[PDB]
Amino acid sequence: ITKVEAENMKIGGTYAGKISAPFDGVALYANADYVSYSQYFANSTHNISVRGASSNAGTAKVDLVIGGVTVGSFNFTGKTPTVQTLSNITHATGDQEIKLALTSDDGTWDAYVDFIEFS
Ligand SMILES: [Ca+2]
Ligand SMILES: [Ca+2]
């Protein structure tokens, strides 16, 4: 397993910033808010998990982008943190940017991101 905390990544966008509740992590508020870091991959295919939460009862959606290509998304509904998992995602090998980004914000929720895990 490879686990990287959101709070240790590059944080970007107009509003993105760290939070301490409901976990140590990062809040994404508006479209183009993101966290990213560079990951070396020896292998092409991983199960990918992100722990996160919504700011409210709504469903926060976070895109997963690897090497600039969107490979899936994670949905977090409600304020209680959950772990969301994409199974068997194939992506580029070598050094690749990993980004968790908002693209579907509409002023009804914010997304809280705790960590990403590759297995
Ligand atoms: Ca928002
Ligand atoms: Ca964290």
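Starting from 1, each residue takes its place in the sequence as its number. Order of listing sets the numbers, starting from 1, for every ligand and every atom in it. All values below come from the heavy atoms of this structure, side chains included, with hydrogens, waters and symmetry mates left out.
A side chain to side chain contact (heavy atoms under 4.5 Å, CB included) with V62 is found for exactly one of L100, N75, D33, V50, namely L100.
At a cut-off of 3.0 Å, measuring from the Ca ion (ligand 2), the protein N, O or S atoms that fall short of it are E5 OE1, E7 OE1, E7 OE2, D24 O, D114 O, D114 OD1, waters left aside. Within the sub-3.0 Å shell of the Ca ion (ligand 1), the protein contributes these N/O/S atoms: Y29 O, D105 OD1, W109 O, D110 OD1.
A heavy-atom distance below 4.5 Å is found between the side chains of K18 and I11. At least one side-chain heavy atom of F74 sits under 4.5 Å from a side-chain heavy atom of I48.
The NE2 atom of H46 sits 4.5 Å away from the NE2 atom of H91 when rounded to the nearest 0.5 Å. Distance check, rounded to the nearest 0.5 Å: OH of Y37 to CD1 of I116 gives 6.0 Å.
Hydrophobic clustering, with ILVMFWY side chains joined whenever heavy atoms are under 4.5 angstrom apart, groups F76 together with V4.
Between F118 and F41, the distance separating the two ring centers is shorter than 6.0 angstrom.
With hydrogens and angles left out, the side-chain atoms of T93 and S44 include no donor and acceptor closer than 3.5 Å.
Between the side chain of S54 and the backbone N or O of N56, at least one donor-acceptor pair lies under 3.5 Å.
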